[PDB]
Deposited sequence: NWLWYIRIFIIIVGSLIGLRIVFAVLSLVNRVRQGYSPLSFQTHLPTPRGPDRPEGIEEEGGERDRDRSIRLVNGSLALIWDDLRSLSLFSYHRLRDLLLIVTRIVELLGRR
């Protein structure tokens, strides 16, 4: 058989691109490891802090929108409507 061996392979490729998303997260790590501004070396000590920073990195977004349990976010959500109205008049 050829289709089956090559077919599952495509499914693996599909899995492969799902893997690519971590690179977005990697870029945050890259900022510190790769020096955000035009990179044209001590920060590795701080870079290891990214191990724990992985938990906090995803937490900043989760807590920024909601802050506390799924309830406080209702207050933050109103800001989105208010911002277009407020910005509408520079």
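*Asks:* Tell me, which runs of residues in the deposited sequence have no coordinates at all?
*Replies:* Deposited residues absent from the model fall in 41-62 alone.
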